[PDB]
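S.K.: Enclosed is the structure file start_7.cif (mmCIF, C-alpha atoms).
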data_target
loop_
_atom_site.label_atom_id
_atom_site.label_comp_id
_atom_site.auth_asym_id
_atom_site.auth_seq_id
_atom_site.Cartn_x
_atom_site.Cartn_y
_atom_site.Cartn_z
CA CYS A 1 -2.21 -13.06 218.14
CA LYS A 2 1.46 -12.70 217.18
CA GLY A 3 2.98 -12.73 213.70
CA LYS A 4 5.14 -15.09 211.67
CA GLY A 5 8.79 -14.08 211.89
CA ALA A 6 8.09 -11.83 214.87
CA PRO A 7 9.50 -12.61 218.36
CA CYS A 8 6.57 -14.38 220.02
CA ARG A 9 6.14 -15.15 223.71
CA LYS A 10 7.79 -18.30 225.06
CA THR A 11 4.55 -18.76 227.02
CA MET A 12 2.56 -20.72 224.44
CA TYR A 13 1.42 -20.76 220.81
CA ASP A 14 0.13 -17.20 220.55
CA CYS A 15 1.43 -16.88 216.99
CA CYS A 16 -1.37 -16.34 214.47
CA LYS A 17 0.63 -18.45 212.02
CA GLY A 18 1.65 -21.38 214.20
CA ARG A 19 3.45 -21.80 217.52
CA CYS A 20 6.39 -20.05 219.20
CA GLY A 21 9.85 -21.22 218.16
CA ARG A 22 12.83 -22.12 220.34
CA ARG A 23 14.66 -19.19 218.73
CA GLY A 24 12.22 -16.83 220.42
CA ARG A 25 10.46 -16.12 217.13
CA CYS A 26 7.31 -17.76 215.77
#
Please express the file's structure as structure tokens.

M.R.:
Amino acid sequence: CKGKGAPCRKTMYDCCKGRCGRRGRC
């Protein structure tokens, strides 16, 4: 999974601390 504050993938909610944000970061 991704990390909070780190640029996640605009694919889905891969963030380990929530979902991806519109700003490109979780």

S.K.: Which residues are near residue 14 (chain A)? Cut-off 6 Å, all atoms listed in the file, ignore same chain within fewer than 2 positions. Put them as a ChimeraX atom specification.

M.R.: /A:1-2,12

S.K.: Near residue 24 (chain A), within 10 Å and counting all atoms listed in the file, which residues show up once chain neighbours fewer than 4 positions away are dropped, as an NGL selection string?

M.R.: :A and (5-10 or 20)

S.K.: Please enumerate the residues selected by the PyMOL selection byres ((chain A and resi 4) around 8) when evaluated against the supplied file, formatted as a list in words.

M.R.: residues 2, 3, 5, 6, 15, 16, 17, 18, 25 and 26 of chain A
